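Engineer: Can you read through this structure? Questions will come right after.
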Amino acid sequence: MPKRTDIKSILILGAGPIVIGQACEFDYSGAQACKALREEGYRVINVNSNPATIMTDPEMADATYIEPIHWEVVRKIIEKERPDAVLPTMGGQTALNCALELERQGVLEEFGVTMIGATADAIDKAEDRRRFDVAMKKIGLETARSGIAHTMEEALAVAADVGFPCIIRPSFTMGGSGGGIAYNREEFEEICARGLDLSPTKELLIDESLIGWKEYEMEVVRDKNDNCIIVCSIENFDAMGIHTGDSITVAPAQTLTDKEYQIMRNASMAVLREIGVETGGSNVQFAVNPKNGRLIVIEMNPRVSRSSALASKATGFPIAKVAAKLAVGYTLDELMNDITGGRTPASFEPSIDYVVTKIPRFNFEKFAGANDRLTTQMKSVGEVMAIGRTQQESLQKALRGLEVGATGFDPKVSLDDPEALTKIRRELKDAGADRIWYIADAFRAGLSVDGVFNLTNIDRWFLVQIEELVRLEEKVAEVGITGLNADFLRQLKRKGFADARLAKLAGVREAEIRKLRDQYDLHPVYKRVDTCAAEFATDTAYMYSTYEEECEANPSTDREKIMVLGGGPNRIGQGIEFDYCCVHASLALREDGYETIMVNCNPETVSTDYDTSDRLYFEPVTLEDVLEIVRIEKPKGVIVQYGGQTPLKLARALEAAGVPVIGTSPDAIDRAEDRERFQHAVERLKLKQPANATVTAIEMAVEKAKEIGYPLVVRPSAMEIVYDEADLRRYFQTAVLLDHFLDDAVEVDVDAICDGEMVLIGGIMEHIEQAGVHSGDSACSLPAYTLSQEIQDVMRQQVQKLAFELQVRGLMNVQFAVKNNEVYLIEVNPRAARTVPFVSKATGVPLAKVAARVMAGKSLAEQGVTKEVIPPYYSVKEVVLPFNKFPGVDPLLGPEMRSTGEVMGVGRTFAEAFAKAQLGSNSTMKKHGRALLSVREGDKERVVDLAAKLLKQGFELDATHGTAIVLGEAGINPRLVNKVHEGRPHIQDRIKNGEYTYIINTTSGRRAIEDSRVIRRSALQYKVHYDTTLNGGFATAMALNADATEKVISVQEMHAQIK
Amino acid sequence: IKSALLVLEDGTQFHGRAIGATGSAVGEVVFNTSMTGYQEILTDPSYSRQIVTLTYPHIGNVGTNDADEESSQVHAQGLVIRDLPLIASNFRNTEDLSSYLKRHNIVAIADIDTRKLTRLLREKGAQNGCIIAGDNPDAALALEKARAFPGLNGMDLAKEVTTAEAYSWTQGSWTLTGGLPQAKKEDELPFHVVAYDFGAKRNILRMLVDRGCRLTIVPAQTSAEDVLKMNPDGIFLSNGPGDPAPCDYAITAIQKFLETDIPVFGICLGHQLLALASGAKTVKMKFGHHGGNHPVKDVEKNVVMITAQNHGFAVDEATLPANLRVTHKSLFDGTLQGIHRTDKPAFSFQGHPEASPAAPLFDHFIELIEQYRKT
Ligand SMILES: Nc1ncnc2c1ncn2[C@@H]1O[C@H](COP(=O)(O)OP(=O)(O)O)[C@@H](O)[C@H]1O
Ligand SMILES: Nc1ncnc2c1ncn2[C@@H]1O[C@H](COP(=O)(O)OP(=O)(O)O)[C@@H](O)[C@H]1O
Ligand SMILES: CC[N+](CC)(CC)CC
Ligand SMILES: NCCC[C@H](N)C(=O)O
Ligand SMILES: [Cl-]
Ligand SMILES: [Cl-]
Ligand SMILES: [Cl-]
Ligand SMILES: [Cl-]
Ligand SMILES: [Cl-]
Ligand SMILES: [Cl-]
Ligand SMILES: [K+]
Ligand SMILES: [K+]
Ligand SMILES: [K+]
Ligand SMILES: [K+]
Ligand SMILES: [K+]
Ligand SMILES: [K+]
Ligand SMILES: [Mn+2]
Ligand SMILES: [Mn+2]
Ligand SMILES: [Mn+2]
């Protein structure tokens, strides 16, 4: 059947802020869904609280809502837009979850909204773990022996039954959220308590262990006619027991016989039929006993996911696009296959002639105290993908593309460490993020394949391959550079060894390997992705590098090309924000007429959607890889300022190699990025910077420290604030630059553009949290909500001075600190910053598109973008922290960034924006109850007011000793509460018992912090809203006066208010 | 350094590594897009005189096992792949690939640009080639032998693989649990089908059994007369290698059954013969259909099937006789995939049906055979 006509308008539910387990994939999927529907004449309405998405770009849809993803809010949206249908499968579990709440609240009924893609019942059937398990048995498919639990006593009873270790999986969660592996009763109660609480349906599924079996996934699509295809198969590298998202995985499956494959493929299909997925895609997970092919169904996700994005990139089959069309009545046979120049229908099973490898990206180093072992709950923050003709080639390219400083299998331990074998063993038995490297070290340390297998359960098929790489590395080391003859070098390159890894081996410079390659004329070729193993030609240029004979790049000799360097896998501090800019650069210059080439290997992004650019090279963003492209494309210009730190770091080298880098020069970038160079410029400019010093030795610091003046920011050559001499030392022990810490100052970010002729202020954002709390983790407002115009004008002027002095050409970002009516410079980032997307959304100006043009040669005047835009509404940005993923961490803000994502709040007043932002951030704040106050000395003065504002709003108060004393003297007599050591009952008790609905807790001083840790941890565990800064608490107070569900506005409308 | 080299008629050279027997192999070169199932492809008679190129780079990850043998032997002239894995890793493997190829005395080459090859074959259609594995492969020789090859156009290949003397097969399908079952006893199979071994695959047979069919496999040329003599609930024309065209023998026979109200079911090559005997005409494809992800529509039901294809020629839909109704077409290329006699109990499928435990096809056959005995 063709497109449905009893439907005109469709509401698409977005995923919300990026978090671990639910990331970019949904902006990729969401955009695809918009695109798809919009191409089919539907009127599209969508909601997504996350501004850094392409999906929320006004030009992508009819009605765009950047509002808190709360059912009430959505209700308002439904009531105001009257969508005929609702597509809830393109937005993670947020979207599933919301769809179902809406439906449960009768909102859908009330407005006649039909749910498409997947019905509510089907979703439930898959998301309710008990139902799911009942379906499989109904279908005769096997599952782990298990029990459902709604309570702890039930949980324990299941546990007695299945034994330890056992696996815990909550209903209505994903990415292992709220789950884990229990090896003992203790662990068991902890995880169960957590998942029962996190489960939207307060339900757990508890299984017996299959730890170590092989883990597989299949991507399935099914139309209303019952047509049904496997888009992709995935074999996990890491065994069952480590979440698919935290595992290294490959496409396609490698160790199943055709017979097992078919059985798995039949099962997958049946699973979809039983669940009821009739018009969309689904991911089916299985477990296979390597010893006898025994197959067990694990779960199913009735929607798009991180695997389907991966699968889509892996095969060139746009899962979400197709699915968005099935949603509207189309059938597979009716749709054309995207990359094969519409020459074949979408109704077929892809076939690939290469190997795809995906590697998760972690950020453990940002989480002190965190359990860093891999388990069933996702802990990764991103992922990289690679394509190679061989698994070997595939894997090594992924490694080098991970952005973790590896060049392949770089060693972790020393050959001569007598303890190594022991470290290795550990790392192998109990996997961490580094395991892959330890596997190579094991082979260097003399462990056999069988020995590694046994500790890891990783299929030998894989293991032997790594071992063979090692032995090749060893030869490299023997023979050295002299042994690096064409045949050998070619061999090595075929197994994907990087010039750099080889260079370390032969003890020479990466550049020397590169030269050798030039000499020998040993360069890679480019294959194209086509979904069909070359059975049909493709008119798409989606390419990957390999060492083979025939090249398919066929670059145009025709146009002026522009290259955009992507950021690689996402990481904390390096997220979707940068990718958004990349996409815009591309869209804008393509539209302008250039041939746009995109270089990136992040499977979750829109950047890596072949639709996004003219040419896509799905490759590691490194010097080697880039140069090879440049070599053949001979581009007019290369943009290195939009992908974050990754491309930023390649800048000098690229230019050194003759690459035509456009926009702010690499040297200019350096001026800003190098502290010294930087202080000189400030000096030159006669600006104000905090006092600083570079200290080598201890005593040197203590002294210098006396000059500078405490407190101080201790940034090495992981940051820290030291208050005194003792502190100084104190740090010194545990642990360099030294900067006076600007206490009680307001932090501001400013995004601007410079074309060498003029400077455009994109936006001035005032942080809620003061300087000392990383900008990446601070909430902020555009326009500022407390700074004077006077002082903003001063920052404006400094921005201009700096722009010119540094020779910025494109985007720039400036960070100041305001104290006592004085502006202080904190730093300059001569490139696109993470606030860019938010600023664009808030001001209606696509800065990235503008700066890109500038970079390419079109001035600000020529473009007609020369005046700063100050919107008529407030825009507030709030963040989302991953602390709940790492209970061992003290959920406290500070000078280092830990947030994974962000949302935006739009309001008539600051209070209103803030309120929306806060709700959007998944805050459990309530407009009534008892508040706990426990603040540091410095805050003792302003607290009174806070206490009073809380009192007015109808809250009751509790406070700890010192705080109480202060409040008493001010006339406020809170109910006294015991510090844990003080006695009972104390805070933990009270927090634990639900006594609080809000907590305000501030702390200054390493030791004072370590002490108060317990308040913060309980607050988090118990879901009580908490603020760790006084500014924050005030903001929360203001928000009490507002109603985030009162009014909604589309982005079109917001923009339309701009004069 | 155990060299190997594959040369195309056209002079295109591919240098790689020997991973099979020492020697030379010549034949028409084809590409198969299947990601799994290499063993089954190799042991398919459909591949006689053919040089098989597998698009999926790693070939042999699971080793081999008898159960995965589709015939009593390796019918592939040679094997061209990109990478031969270091090990085989599957609970079912009984012998690594290299070892197996050696045993079956097959000349295989590894380490070449299969993708480039594939594109060639696809762009300029099939080609005859020669593989040379040994000490100092002679490119000129290889080119020679390549050019020298007759060709498959107009080659009756069915005669070369068919069995010598008829026989019974009462073996059904494999199971994970049961593996290959024991052969059923005659009184255990309702129906009695006579299968024309045009180089048929073990799967299909097990499938017919699975459906109550006790079968008597007969050689290619066997005479309808001789056939008709066994009072067969039905007749089945198996899959096989080469050109159907020159198999006058079977055509003749076929027509003979066609006068009868006996149910006739053809698969692949047999699908072409039926066609022929029904008056239609067969063409030789540019590169053919080789793989396991081929979309085929059942025009009648408007439903798509993902199938397994292993054909070099096809039946011309333009030159069909009115007594031939089109039952299936290829979604990839429109080609004809199946037909039924408007006037008789005879129909066929181009693809190669497979067990769940196609079925529709198969079932029909049975219902047809029943209707016939119910008469
Ligand atoms: N019985 C089991 N034994 C061992 N590991 C298991 C078992 N069930 C699931 N797992 C592991 O836990 C993971 C997450 O379970 P899954 O059902 O996929 O949850 P989610 O919906 O959160 O992704 C799997 O990818 C696998 O590594
Ligand atoms: N001297 C200082 N006084 C106060 N806060 C500062 C000072 N130096 C840095 N900060 C804080 O540390 C954060 C990180 O410093 P910055 O130089 O911007 O680091 P990064 O390179 O990580 O962006 C700022 O956003 C701010 O909260
Ligand atoms: C996974 C995203 N959440 C559940 C769907 C948790 C933050 C949004 C509330
Ligand atoms: N703006 C960052 C999140 C703030 C968190 N409520 C805290 O106060 O620590
Ligand atoms: Cl979740
Ligand atoms: Cl078992
Ligand atoms: Cl050598
Ligand atoms: Cl930034
Ligand atoms: Cl933890
Ligand atoms: Cl080659
Ligand atoms: K409706
Ligand atoms: K599920
Ligand atoms: K896994
Ligand atoms: K701040
Ligand atoms: K910085
Ligand atoms: K070669
Ligand atoms: Mn799931
Ligand atoms: Mn899962
Ligand atoms: Mn900064």
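Chain labels A, B, ... are given in the sequence in which chains occur in the structure tokens; within each chain residues are numbered consecutively from 1, and ligands are likewise numbered from 1 in the order shown.
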When the cut-off is 7 Å and you count only C-alpha atoms and all ligand atoms, which residues lie near ligand 3, shown as a tab-separated table (two decimals) with N, CA, C and O atoms, in the first residue's frame?
Structural biologist:
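Result went into selection.tsv, see below:
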chain	number	residue	atom	x	y	z
A	19	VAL	N	22.72	11.32	26.75
A	19	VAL	CA	23.18	10.71	27.97
A	19	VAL	C	23.86	9.40	27.60
A	19	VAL	O	23.70	8.87	26.49
A	21	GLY	N	24.13	5.80	26.99
A	21	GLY	CA	23.12	4.82	26.62
A	21	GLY	C	22.10	5.38	25.66
A	21	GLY	O	21.39	4.66	25.01
A	22	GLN	N	22.01	6.68	25.55
A	22	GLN	CA	21.01	7.21	24.65
A	22	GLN	C	21.56	8.46	24.05
A	22	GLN	O	21.27	9.53	24.54
A	92	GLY	N	14.55	6.98	21.20
A	92	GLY	CA	15.06	6.28	22.36
A	92	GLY	C	13.94	5.84	23.24
A	92	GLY	O	12.80	5.78	22.80
A	93	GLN	N	14.29	5.51	24.46
A	93	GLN	CA	13.31	5.08	25.43
A	93	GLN	C	12.50	6.28	25.91
A	93	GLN	O	11.41	6.14	26.41
A	94	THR	N	13.06	7.48	25.77
A	94	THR	CA	12.32	8.67	26.18
A	94	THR	C	11.02	8.67	25.38
A	94	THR	O	9.94	8.69	25.92
A	97	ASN	N	8.79	5.64	26.20
A	97	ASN	CA	8.24	5.98	27.48
A	97	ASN	C	7.17	7.08	27.42
A	97	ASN	O	6.09	6.99	27.97
A	173	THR	N	13.51	-0.06	30.51
A	173	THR	CA	14.81	0.64	30.51
A	173	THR	C	15.68	0.11	29.38
A	173	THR	O	15.44	-0.97	28.82
A	922	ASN	N	15.30	16.70	33.45
A	922	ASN	CA	14.92	15.56	34.21
A	922	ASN	C	15.03	15.74	35.69
A	922	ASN	O	15.22	14.78	36.42
Engineer: Up to 7 Å from chain B, what residues of chain A turn up? Count only C-alpha atoms and give them as a ChimeraX atom specification.
Structural biologist: /A:225,227,254-258,290-292,344,347-354,389-390,460-461,464,533-535,548-550
Engineer: Kindly save the residues from that selection, with C-alpha atoms included, as a short mmCIF file (atom, residue, chain, number, x, y, z; two decimals), in the first residue's frame.
Structural biologist:
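Result written to part24.cif:
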data_model
loop_
_atom_site.label_atom_id
_atom_site.label_comp_id
_atom_site.auth_asym_id
_atom_site.auth_seq_id
_atom_site.Cartn_x
_atom_site.Cartn_y
_atom_site.Cartn_z
CA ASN A 225 2.27 -6.78 3.75
CA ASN A 227 7.42 -8.52 3.90
CA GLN A 254 31.58 -14.16 11.51
CA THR A 255 31.33 -17.46 13.27
CA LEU A 256 27.93 -18.83 12.54
CA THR A 257 27.39 -21.52 9.98
CA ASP A 258 24.79 -20.79 7.36
CA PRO A 290 29.71 -21.68 21.18
CA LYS A 291 29.85 -25.26 22.16
CA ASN A 292 26.60 -26.43 20.59
CA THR A 344 16.54 -1.49 -6.78
CA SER A 347 12.86 -4.92 -0.28
CA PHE A 348 16.03 -7.00 -0.10
CA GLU A 349 18.76 -8.09 2.32
CA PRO A 350 22.01 -6.20 2.13
CA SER A 351 25.23 -7.89 1.42
CA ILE A 352 28.64 -6.35 2.11
CA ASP A 353 32.14 -6.98 0.81
CA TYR A 354 34.12 -5.67 3.81
CA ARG A 389 38.42 -5.16 3.74
CA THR A 390 39.58 -7.50 6.43
CA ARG A 460 39.44 -17.47 19.02
CA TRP A 461 38.60 -16.38 15.49
CA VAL A 464 44.27 -15.30 16.50
CA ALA A 533 28.50 -6.41 -2.50
CA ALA A 534 29.07 -4.61 -5.81
CA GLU A 535 26.27 -6.52 -7.48
CA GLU A 548 43.78 -3.00 -2.66
CA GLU A 549 44.06 -2.69 -6.44
CA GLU A 550 41.11 -0.76 -7.78
#
Engineer: With only C-alpha atoms as the basis for distance, which of A:736, A:648, A:115, A:73 is at the shortest distance from residue 675 (chain A)?
Structural biologist: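 Of all the options, A:736 lies closest to residue 675 (chain A).
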Engineer: Considering only helix (DSSP H, G or I) as DSSP defines it on the backbone, what residues of region 239-354 of chain B qualify? List them as a PyMOL selection string.
Structural biologist: chain B and resi 248-257+269-277
Engineer: Within 7 Å of ligand 4 (counting only C-alpha atoms and all ligand atoms), which residues show up? I'd like them as a PDB file with N, CA and C atoms, in the first residue's frame.
Structural biologist:
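result.pdb, written as the output of this step:
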ATOM      1  N   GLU A 769      25.892  29.061  37.582  1.00  0.00           N
ATOM      2  CA  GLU A 769      26.971  28.671  38.484  1.00  0.00           C
ATOM      3  C   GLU A 769      28.162  29.560  38.188  1.00  0.00           C
ATOM      4  N   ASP A 777      29.409  22.439  32.329  1.00  0.00           N
ATOM      5  CA  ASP A 777      28.486  21.905  33.273  1.00  0.00           C
ATOM      6  C   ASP A 777      27.650  22.987  33.911  1.00  0.00           C
ATOM      7  N   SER A 778      27.755  24.218  33.456  1.00  0.00           N
ATOM      8  CA  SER A 778      26.971  25.261  34.083  1.00  0.00           C
ATOM      9  C   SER A 778      25.678  25.489  33.317  1.00  0.00           C
ATOM     10  N   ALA A 779      24.614  25.959  33.975  1.00  0.00           N
ATOM     11  CA  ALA A 779      23.441  26.287  33.190  1.00  0.00           C
ATOM     12  C   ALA A 779      23.730  27.706  32.755  1.00  0.00           C
ATOM     13  N   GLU A 878      20.499  24.185  30.264  1.00  0.00           N
ATOM     14  CA  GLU A 878      20.800  23.403  31.461  1.00  0.00           C
ATOM     15  C   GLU A 878      21.461  22.084  31.023  1.00  0.00           C
ATOM     16  N   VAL A 879      22.221  21.427  31.903  1.00  0.00           N
ATOM     17  CA  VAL A 879      22.923  20.217  31.494  1.00  0.00           C
ATOM     18  C   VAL A 879      22.360  18.960  32.107  1.00  0.00           C
ATOM     19  N   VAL A 880      22.853  17.806  31.614  1.00  0.00           N
ATOM     20  CA  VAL A 880      22.576  16.482  32.183  1.00  0.00           C
ATOM     21  C   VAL A 880      23.907  15.759  32.503  1.00  0.00           C
ATOM     22  N   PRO A 891      28.696  13.342  43.168  1.00  0.00           N
ATOM     23  CA  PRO A 891      27.965  14.116  42.220  1.00  0.00           C
ATOM     24  C   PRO A 891      28.152  15.593  42.456  1.00  0.00           C
ATOM     25  N   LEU A 892      29.367  16.009  42.404  1.00  0.00           N
ATOM     26  CA  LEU A 892      29.603  17.399  42.651  1.00  0.00           C
ATOM     27  C   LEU A 892      30.166  18.178  41.459  1.00  0.00           C
ATOM     28  N   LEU A 893      29.728  19.423  41.252  1.00  0.00           N
ATOM     29  CA  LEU A 893      30.270  20.252  40.178  1.00  0.00           C
ATOM     30  C   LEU A 893      31.667  20.768  40.550  1.00  0.00           C
ATOM     31  N   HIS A1025      15.730  16.585  44.339  1.00  0.00           N
ATOM     32  CA  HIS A1025      16.483  17.556  43.602  1.00  0.00           C
ATOM     33  C   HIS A1025      17.477  18.236  44.490  1.00  0.00           C
ATOM     34  N   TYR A1026      18.656  18.431  43.947  1.00  0.00           N
ATOM     35  CA  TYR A1026      19.677  19.089  44.707  1.00  0.00           C
ATOM     36  C   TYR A1026      20.474  20.063  43.830  1.00  0.00           C
ATOM     37  N   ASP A1027      20.872  21.192  44.465  1.00  0.00           N
ATOM     38  CA  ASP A1027      21.702  22.245  43.899  1.00  0.00           C
ATOM     39  C   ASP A1027      23.005  22.240  44.722  1.00  0.00           C
ATOM     40  N   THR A1028      24.164  22.394  44.063  1.00  0.00           N
ATOM     41  CA  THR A1028      25.446  22.419  44.805  1.00  0.00           C
ATOM     42  C   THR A1028      26.051  23.824  44.796  1.00  0.00           C
ATOM     43  N   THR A1029      25.285  24.772  44.288  1.00  0.00           N
ATOM     44  CA  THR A1029      25.762  26.133  44.298  1.00  0.00           C
ATOM     45  C   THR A1029      24.644  27.036  44.722  1.00  0.00           C
ATOM     46  N   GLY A1032      22.745  28.507  41.812  1.00  0.00           N
ATOM     47  CA  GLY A1032      21.886  27.453  41.344  1.00  0.00           C
ATOM     48  C   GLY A1032      20.610  27.407  42.158  1.00  0.00           C
TER      49      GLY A1032
END
Engineer: Which one is closest to ligand 2: A:289, A:692, A:546, A:312? Count only C-alpha atoms and all ligand atoms.
Structural biologist: A:692
Engineer: Taking only C-alpha atoms and all ligand atoms and a cut-off of 7 Å, can you tell me which residues surround ligand 13, written as a ChimeraX atom specification?
Structural biologist: /A:215,236-244,247
Engineer: Let me see the file: selected residues, N, CA, C and O atoms, as an mmCIF file, in the first residue's frame.
Structural biologist:
data_model
loop_
_atom_site.group_PDB
_atom_site.id
_atom_site.type_symbol
_atom_site.label_atom_id
_atom_site.label_comp_id
_atom_site.auth_asym_id
_atom_site.auth_seq_id
_atom_site.Cartn_x
_atom_site.Cartn_y
_atom_site.Cartn_z
ATOM 1 N N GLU A 215 27.471 -13.271 21.771
ATOM 2 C CA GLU A 215 26.363 -12.311 21.717
ATOM 3 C C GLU A 215 26.167 -11.780 20.296
ATOM 4 O O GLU A 215 27.150 -11.363 19.634
ATOM 5 N N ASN A 236 29.158 -9.777 18.327
ATOM 6 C CA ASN A 236 29.893 -9.021 19.318
ATOM 7 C C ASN A 236 31.246 -9.622 19.551
ATOM 8 O O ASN A 236 31.386 -10.837 19.600
ATOM 9 N N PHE A 237 32.219 -8.763 19.785
ATOM 10 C CA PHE A 237 33.551 -9.216 20.068
ATOM 11 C C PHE A 237 33.645 -9.623 21.547
ATOM 12 O O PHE A 237 34.094 -10.709 21.906
ATOM 13 N N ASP A 238 33.183 -8.715 22.410
ATOM 14 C CA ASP A 238 33.082 -8.969 23.836
ATOM 15 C C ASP A 238 31.872 -9.898 24.093
ATOM 16 O O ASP A 238 30.795 -9.704 23.508
ATOM 17 N N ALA A 239 32.026 -10.950 24.928
ATOM 18 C CA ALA A 239 30.949 -11.911 25.163
ATOM 19 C C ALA A 239 29.736 -11.400 25.936
ATOM 20 O O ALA A 239 29.660 -10.228 26.338
ATOM 21 N N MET A 240 28.759 -12.299 26.158
ATOM 22 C CA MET A 240 27.594 -11.918 26.955
ATOM 23 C C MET A 240 28.153 -11.584 28.324
ATOM 24 O O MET A 240 29.123 -12.213 28.753
ATOM 25 N N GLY A 241 27.569 -10.607 29.020
ATOM 26 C CA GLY A 241 28.021 -10.161 30.345
ATOM 27 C C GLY A 241 28.521 -8.693 30.250
ATOM 28 O O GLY A 241 28.585 -7.955 31.234
ATOM 29 N N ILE A 242 28.857 -8.244 29.031
ATOM 30 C CA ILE A 242 29.268 -6.836 28.778
ATOM 31 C C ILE A 242 28.274 -6.298 27.779
ATOM 32 O O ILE A 242 28.161 -6.846 26.678
ATOM 33 N N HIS A 243 27.514 -5.286 28.153
ATOM 34 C CA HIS A 243 26.491 -4.711 27.285
ATOM 35 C C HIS A 243 26.953 -4.487 25.868
ATOM 36 O O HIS A 243 28.068 -4.045 25.634
ATOM 37 N N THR A 244 26.064 -4.768 24.930
ATOM 38 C CA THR A 244 26.341 -4.553 23.522
ATOM 39 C C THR A 244 26.923 -3.156 23.267
ATOM 40 O O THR A 244 27.800 -2.986 22.413
ATOM 41 N N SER A 247 30.487 -3.053 24.227
ATOM 42 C CA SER A 247 31.305 -4.060 23.593
ATOM 43 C C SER A 247 31.863 -3.623 22.265
ATOM 44 O O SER A 247 31.347 -2.711 21.637
#
Engineer: What's around region 201-208 of chain B at 6 Å? Count only C-alpha atoms, leave out sequence neighbours fewer than 6 positions away in its own chain, and write the answer as a list in words.
Structural biologist: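 Skipping anything fewer than 6 positions along the chain leaves residues 70, 71, 171, 172 and 173 of chain B.
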Engineer: Could you pull the residues within 8 Å of residue 551 (chain A), counting only C-alpha atoms, minus those fewer than 6 positions along the same chain, as a count of residues only?
Structural biologist: 3
Engineer: What residues have any atom no more than 9 Å from ligand 7 when counting only C-alpha atoms and all ligand atoms, and can you list them as a list in words?
Structural biologist: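 Answer in the requested format: residues 475, 479, 483, 484, 485, 486, 487, 488, 489 and 491 of chain A.
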Engineer: Once you count only C-alpha atoms and all ligand atoms, which residues end up within 12 Å of ligand 5, and could you hand them over as a PyMOL selection string?
Structural biologist: chain A and resi 15+19-23+91-98+127+169-179+195+197-201+301+305+377-378+884-885
